[PDB]
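So this one's two forms of a single chain, laid out as structure tokens and tagged structure 1 and structure 2.
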Structure 1
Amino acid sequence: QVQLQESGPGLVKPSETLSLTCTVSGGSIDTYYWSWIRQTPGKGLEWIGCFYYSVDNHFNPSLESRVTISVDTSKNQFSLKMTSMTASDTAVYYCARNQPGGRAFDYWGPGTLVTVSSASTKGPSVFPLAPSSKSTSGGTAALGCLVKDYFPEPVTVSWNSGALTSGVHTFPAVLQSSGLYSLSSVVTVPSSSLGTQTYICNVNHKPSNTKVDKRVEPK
């Protein structure tokens, strides 16, 4: 029941400072070690640093000079500060608990993608992909949502607020010539009950605080 949740800005302009916060539930951050870790496509997982509240903190020698950690135990939060962000610092940043009495990390946050760029945040437009007569394969109908023109990554999509997961495929984003990303999310369902079941896609684009729910109905 120990859970961690990163919160960050998505975008940070080059040379500025990255500020992230980890909010922990299910236990107090006043004991045990807690860490920041990042993952980049080209370089893999990299440990950043850790602290034990009011005791000590250790940092990766590669990043020591750009990195500091503060702790707010009254909110069960701790934060990462990384100065002079470069393009090579684009990565998914995780917070995690160090395993007590061990050498591993036993609980992880979901991670927040940080994109170092000087482009501006843009929220997506969401359009239905309606099940028509041309989206039926026998007794099976496909439907979805098209999530167009956003920056930076990522967009997440759920269906019916999480209650519809079977048959869902949410595609990796494509980069359009415009520099904006696009993706679709689709789901296959019984053709027989298109007019009786309700299909809503819930689109989340954290970098622009955009939340869109789109009802997907046939025609």
Structure 2
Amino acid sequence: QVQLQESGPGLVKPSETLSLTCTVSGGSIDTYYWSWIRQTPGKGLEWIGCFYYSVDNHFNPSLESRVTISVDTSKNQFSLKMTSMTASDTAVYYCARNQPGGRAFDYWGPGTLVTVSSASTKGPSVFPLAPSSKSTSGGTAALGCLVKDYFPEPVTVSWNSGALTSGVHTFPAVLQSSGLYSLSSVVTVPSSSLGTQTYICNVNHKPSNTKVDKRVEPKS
């Protein structure tokens, strides 16, 4: 029914102010309670605050002095503002609807990741993991893309613009000694298709506006 979508900066400098926006479809935000919630891979799920339009706000007591809301009923958007960001505030941030007449949250946005760091944004390099015969196992050839040396998280990876879904494995990025992330995405495909089928990984790194493809071709 209701859908929500977060948008935010991806990266925030220490002690600067985070700003996030939620765009909602399927329901007018001038009715019912709407919330901001966050989740650190570290300390679980944490409710930040809510508003009922033209009635009141409520805020998590531990965060209240740092937090401000805004509502634009003409754009069906509302916003979060949180001052004095530190490394502790690195988290996935969600907008969500409070269940009308309930105690829960019934619809959630997909979540936007916020990294608090003074490191600069860097787009990835995209290298092919080529299929040969040293990648033929389980009746299958494997091929991939190496998405290397970017900051901050995240990157998204699809295959053949999303037409290729079966046998795809996109792995959790690792953080290297250099402080840049590195991630791999592989697909398992039939050997007999390597000369009769094109495989392109599509890579998006929003903080650097990176929209790149890499055709992945056989080895020799």
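We call the rigid core the largest set of C-alpha positions that still match within 1.5 Å between the two forms. Numbering for residues begins at 1 and runs along the sequence of structure 1.
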If the rigid core is lined up, how many Å does the C-alpha atom of residue 138 shift between structures 1 and 2? 6.2
Residue 127 CA shift between structures 1 and 2 in angstrom, with the core used for superposition: 0.7
How much does the C-alpha of residue 27 move between structures 1 and 2, in Å, given a rigid core overlay? 2.5
